[PDB]
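# Tertiary structure, described
Residues per chain are reported as follows:
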Amino acid sequence: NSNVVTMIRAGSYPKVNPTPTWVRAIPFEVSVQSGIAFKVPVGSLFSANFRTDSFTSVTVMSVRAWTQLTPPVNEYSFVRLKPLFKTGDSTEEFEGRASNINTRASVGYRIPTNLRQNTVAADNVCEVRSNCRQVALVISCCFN
Amino acid sequence: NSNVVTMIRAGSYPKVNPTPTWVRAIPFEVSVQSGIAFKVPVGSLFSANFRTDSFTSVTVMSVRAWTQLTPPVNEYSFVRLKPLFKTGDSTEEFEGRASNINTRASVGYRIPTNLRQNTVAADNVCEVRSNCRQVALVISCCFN
Amino acid sequence: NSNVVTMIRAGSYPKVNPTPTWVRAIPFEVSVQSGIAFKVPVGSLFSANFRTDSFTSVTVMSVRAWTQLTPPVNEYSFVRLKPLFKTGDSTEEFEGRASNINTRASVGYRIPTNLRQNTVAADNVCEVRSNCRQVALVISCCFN
Amino acid sequence: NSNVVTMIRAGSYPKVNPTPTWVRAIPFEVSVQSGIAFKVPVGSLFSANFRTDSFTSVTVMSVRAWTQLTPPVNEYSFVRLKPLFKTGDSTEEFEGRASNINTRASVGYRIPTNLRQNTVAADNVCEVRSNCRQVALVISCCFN
Amino acid sequence: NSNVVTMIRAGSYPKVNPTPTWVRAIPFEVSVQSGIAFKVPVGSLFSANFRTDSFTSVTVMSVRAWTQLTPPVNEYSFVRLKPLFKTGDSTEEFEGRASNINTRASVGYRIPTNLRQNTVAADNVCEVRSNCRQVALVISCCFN
Amino acid sequence: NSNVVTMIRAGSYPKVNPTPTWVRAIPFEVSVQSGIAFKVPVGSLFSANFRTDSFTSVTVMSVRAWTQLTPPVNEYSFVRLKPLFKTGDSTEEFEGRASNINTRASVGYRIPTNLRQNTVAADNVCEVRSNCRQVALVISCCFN
Amino acid sequence: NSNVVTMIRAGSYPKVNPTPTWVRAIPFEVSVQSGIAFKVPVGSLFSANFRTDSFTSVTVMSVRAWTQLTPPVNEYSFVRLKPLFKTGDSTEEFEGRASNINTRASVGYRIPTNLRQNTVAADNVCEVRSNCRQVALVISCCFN
RNA sequence: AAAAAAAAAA
RNA sequence: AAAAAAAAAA
RNA sequence: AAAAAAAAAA
RNA sequence: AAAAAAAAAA
RNA sequence: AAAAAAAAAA
RNA sequence: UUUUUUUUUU
RNA sequence: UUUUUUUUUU
RNA sequence: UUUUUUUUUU
RNA sequence: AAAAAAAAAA
RNA sequence: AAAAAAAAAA
RNA sequence: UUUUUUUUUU
RNA sequence: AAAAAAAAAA
RNA sequence: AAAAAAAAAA
RNA sequence: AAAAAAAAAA
RNA sequence: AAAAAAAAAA
RNA sequence: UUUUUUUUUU
RNA sequence: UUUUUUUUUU
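Residues are labelled from 1 along each chain in written sequence order, independent of how the entry numbers them, and those without coordinates are excluded. The lettering of chains begins at A and the numbering of ligands begins at 1, in the order of writing. Note that the chains on view sit within a larger assembly, with every value limited to the chains on view. Each side-chain value is derived from all of the structure's non-hydrogen atoms; neither hydrogens nor water enter the calculation.

As recorded in the PDB entry, chain A goes by the name Coat protein, listed as coming from Satellite tobacco mosaic virus. Its official PDB title, as written in the record, is "Crystallographic structure of a primitive orthorhombic crystal form of STMV". UniProt, in its Subcellular location section for chain A, records the words "Virion". UniProt positions are given in the numbering used here, feature names are shortened, and annotations may be inferred rather than shown by experiment.

Quick look at the structure:
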């Protein structure tokens, strides 16, 4: 392949965008209490730890949850997800349980195209329920 | 297609990365004096206006320049580019001229694979010469 | 086929959901006055008569209306539907008339994918106008 | 695809049903004592927690059991299932055992077509035996 | 072809709609100040000058902009667009610049299907920035 | 498909039209007396109830008529149409009768290409005769 | 398929057998001491708990062994099997060891066709050795 | 036959 | 790949 | 048509 | 060649 | 697609 | 993708 | 007979 | 190996 | 393989 | 040759 | 889906 | 698809 | 399958 | 024939 | 074309 | 022999 | 990709 700089025959000035969109998967954790549902805020996706402090809106595509800490004694890990939306919250409780006490419990859900609108920091993604004190999330989204 | 949320049978916790790389084309402008060469610093690529204030290094792939203002009276626009490298500056003067007085002049150059190392904010990209007082650049690079 | 019980060789604990979604066609009637449009509330879909008193939101896909009672003397039955949306009500008046005085008049409309968001009990499906005193509806939707 | 509402050319009033059937897999847990068989009541399937409080009968198709808590010390988890029927109870003890002490034990059985009749709340599904104090069940059935 | 009136063998009365939908491209201009962003109201699309004064909602599909006046002295024409949405404003700045000082600058963006909801007169389409005092807009939309 | 806004690489300013044409079918009713022909005015097609109050001319392609009320006692429904033209009125009497006393009568005619000129509000479409007091008309026309 | 009873045109009285053979895999456990071989008696296969109390002889085809309890501290589980025969005992010590301290150790041996004679309750099947205090056996055999 | 630099071409 | 329920389709 | 980044898939 | 609007058709 | 110069190659 | 100049490899 | 949702089997 | 986003080449 | 009765089906 | 139960197998 | 055992049908 | 009336055509 | 309206495309 | 939801399957 | 009942047949 | 108008058959 | 349940289209 080429070993030195080569000339580019550029033409007219193209169309540019200094602030483009970005498809990303954001990993973060949430602290949950026993028997209490925790509304996960959308504002947790806008942070300098994800290079996403420049955005103000995001389109969430899918949500995946993992238990982050060990379950109580004699129990297996479980994590539930209840989707939330601005036009109307859902009543599904997608639950995944671990079959080994030393293994995480995982579950997720996909958001259909008809409900993939923008969300801002004040909004909530879903509700999380678990017997472990911490839940890790991996949210596939498009920042715009 | 689907009209409601559907469960995702997630498995083990996957390999994640909260601060990934990003291939971009960064547009920005510089002020140039007549008969004086302007050194374009690499620090101009790290800004919040480009969503890039979180990176510290960047791999430049190609540089393109356009004249941003009108040329002096009776003249046609022109722009020269001299590539600069930490291992050793080059002496090429890639020059493009305008064939219409009302049209921009443009030129660009490609950096070969053997010279695509990282550069930090303190480094320089190239030298810019032009008869117009402002030059527009679009630098294709990989942030990491 | 099998005549007695057979053993299932199960494995790990699967991903479960106790409150799943449900695509339905909900029949119900509304009383209409002469020359006055009636806003059909979405809350009519959540009732124990439909096994749907557990849902809080619903995604309406298509609405079909029939005249339920006989028209006034010397007239043929008719029914008009005007779709309503939270992001902006429409002005279309889909209308159907009966060609026999003793037959029902019917009409319906389809909701596109871009407008298939969730609606709650406080929302309205559409406006209905009819010279008959009652109108039967069959609203294809997805409860979630 | 369409971006606005389109008219449906509906015809006569169709055959309707406001309370239809539903095939579901219902997850719930039962408390088991050591060396004592526990009868699983059919009434545990009718609940507002499963959106099935509107049904009174149910046709059971298959039953799957998992150990929900840890086994006693030094032991591996096990679970036994004995199908119960109104016309005549079976004596099969379908058993599954865990090969890892930290993993659930699971087993299941399928009800043939000749035994798929309706059952009410008073009826029993099966007897469960386990060295663990809790057993999670997932019953595939059709509500009607 | 036929040179006189011929009889149509019509049948039953069909499904009619007096106020139908309408796919349109609405051209109009806005006044922009130097260095000041201008929010384009959706109400600009409802006017008797476009035959659309009878509509109350509209679904936008794409937005296009051209510079309507000459840029300041020594400068090339440019125009920036930032899409706005009720669910969440975007941060993109789609920019197009003129390569000839006598030529307009043009740029545009397309709204995805998942963001094509209804918008009323009080809503805003996008922000516009330009060094020219007037920008010509052409908005492909569906009236309903 | 796309989930976020994407940039359109627009070019020169295109040919636009703010007040375009429109192919429509305009449904409306007229009051007819027994044994008296009624001239249908073209001005009935220009109204805000049809979104066509902005037009001043219209080109008719075909005319259809149904009886809107019940016929007198012991009689079957009928309707006659006589096309009218500015260059010369026709003498045809396209007639359709009901085979059931409870059913509407329908008939229609098509205007050839050589007679499809513009018509203003002062002009008349056709004469209508019927034993019923009201006749429903559906006129396929092109507004311009 | 047939929904009521049908007539069977039987012929002569067939050859019957009220006490037929039966191929089975008998699950049972034995208690084993440390460093002491345990002779598993054939009489353990004849029991009402396996529906085989009516048999007096059995033809053993294969023997499989699993550890039933946890091994000593710091040790992995293991189990040995030594086949025994009335015509002459074997000296093979088929051994299996667990590769996880929390998993069962398993091994098995198949009896060839030339050594598949009948064995009564007084006979032995194999000698079992293990560091666990219990071994779970599953013996494939034909009861006759 | 492919690859690099300088030049040329549709 | 076939079958059941709920929904949609030619 | 190939390659790079991010995402998604069998 | 495909997608959306209005009209028409088997 | 061919030709020249500098370089690399089977 | 090829022709030519410098160079290399085989 | 297929698309889609819940679920199961492989 | 393809689809999608950013970008370049042609 | 055809025919009859009763039932079910495209 | 297909269906069932029990066992076994790739 | 097959091999084996018990039984049935043809 | 053929025939009849009026018209038009190679 | 063809014709008209509005939108889009090579 | 394709798509959706609930279930079942290799 | 398949399935049920009664009848009939190789 | 076809196209068009009126009309009938299917 | 198919079978079943609700439903739609043809």
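## Describing the interface of chain E and chain C
Contacts between residues were defined by any pair of non-hydrogen atoms, one from each residue, lying within 4.5 Å. At the junction of the two partners, chain E supplies 22 residues and chain C supplies 17 residues. Accessible-area loss on putting two parts together, using a 1.4 Å probe and summing over both, is the definition of buried area adopted here. Taken together, both faces of the contact between chain E and chain C bury some 1,600 Å²; the carbon and sulfur share is 42%. When a carboxyl oxygen of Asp or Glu is within 4 Å of a side-chain nitrogen of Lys or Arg, the pair counts as a salt bridge. Seen at the junction of chain E and chain C, the total is 0 salt bridges. We call two N or O atoms a polar contact when they sit within 3.5 Å, provided that within protein one can donate a hydrogen and the other can accept it, with sequence-adjacent residues counted only if both atoms are side-chain atoms. Taken together, the connections running from chain E to chain C amount to 15 residue pairs in polar contact. Grouping the amino acids of the side of chain E that touches chain C by side-chain chemistry returns 6 nonpolar, 13 polar and 3 charged. Throughout, the ten residues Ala, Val, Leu, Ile, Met, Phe, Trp, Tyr, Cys and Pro are labelled nonpolar, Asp, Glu, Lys and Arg are labelled charged, and all others, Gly among them, are labelled polar.

## Comments concerning the side chain of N3 of chain F
Put simply, DSSP H or I for four residues or longer makes a helix, DSSP E for two residues or longer makes a strand, and each gets a number counted from the N terminus. Within the element layout of this structure, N3 of chain F appears in the segment before β1 (6–8). In this structure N3 of chain F touches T59, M61, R116 and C142 of chain A together with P112 and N114 of chain E, once residues within four positions along its chain are discounted.

## Examining the relation of the copies chain E and chain C
By a simple turn and slide, chain E fits onto chain C: the slide is 0.0 Å along the axis, the RMSD is 0.1 Å, and the turn is 120°. Such a combination of rotation and displacement between the chain copies is what one expects of a three-fold axis. Rotation axis and chain E: the residue whose C-alpha lies nearest the axis is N114 of chain E, separated from it by 3.3 Å. With a heterologous cut-off of 20% or less, the 5% of interface residues of chain E that recur at the interface of chain C puts this contact in the heterologous class. Alignment of the copies rests on a least-squares superposition of C-alpha atoms.

## Examining the sheet that holds strand β5 (residues 78–83) of chain F
Residue and element names in this part refer to chain F. Reading across from one edge, β3-β8-β5-β6 is the order of the 4 strands in this open sheet, with antiparallel pairing throughout. Here the strands that pair on one side only, and so sit at the sheet edges, are β3 (38–41) and β6 (94–97). Sheet twist, expressed as the average angle between the axes of neighbouring strands with direction ignored, equals 25°. With 4 bridges connecting them, β5 and β6 associate as antiparallel partners. Bridge pairing in β6 links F78 to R97. Any two strands with at least two DSSP-identified bridges between them are counted as paired. Note on method: axes are straight lines fitted to C-alpha atoms, helices fitted across the in-contact stretch only, with angles between N-to-C directions ranging 0 to 180 degrees.

## Observations concerning the protein's contact with RNA strand O
Any residue with at least one heavy atom within 4 Å of a molecule or strand is counted as near it. Around RNA strand O, the structure places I8 and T21 of chain A, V23, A25, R64 and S140 of chain B together with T6 of chain F. Among the atoms of RNA strand O lying within 4 Å of the protein, the sugar-phosphate backbone contributes 92%. Considering only residue class, the surface near RNA strand O consists of 3 nonpolar, 3 polar and 1 charged.

## Focus: the sheet that holds strand β3 (residues 38–41) of chain C
All names here are of chain C. The 4 strands lie next to each other as β3-β8-β5-β6, forming an open sheet whose pairing is antiparallel. Only two strands of the sheet have a single neighbouring strand rather than two, namely β3 and β6 (94–97). Across the sheet, the mean angle from the axis of one strand to that of its neighbour is 25°, orientation sign disregarded. When strand β5 (residues 78–83) meets strand β8 (residues 124–129), the two strands line up antiparallel, connected through 4 bridges. Counterpart to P83 in the pairing with β8 is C126.

## Focus: the relation of the copies chain B and chain A
Between the two copies, chain B and chain A, the superposition gives an RMSD of 0.1 Å; the rotation angle is 180° and the shift along the axis is 0.0 Å. Overall, the copies show the geometry of a two-fold rotation axis. By C-alpha distance to the rotation axis, the residue of chain B lying nearest is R51 of chain B, at 3.7 Å. Interface overlap between copies is the fraction of interface residues in one copy that are interface residues in the other; for chain B against chain A it reaches 100%, indicating a shared surface.

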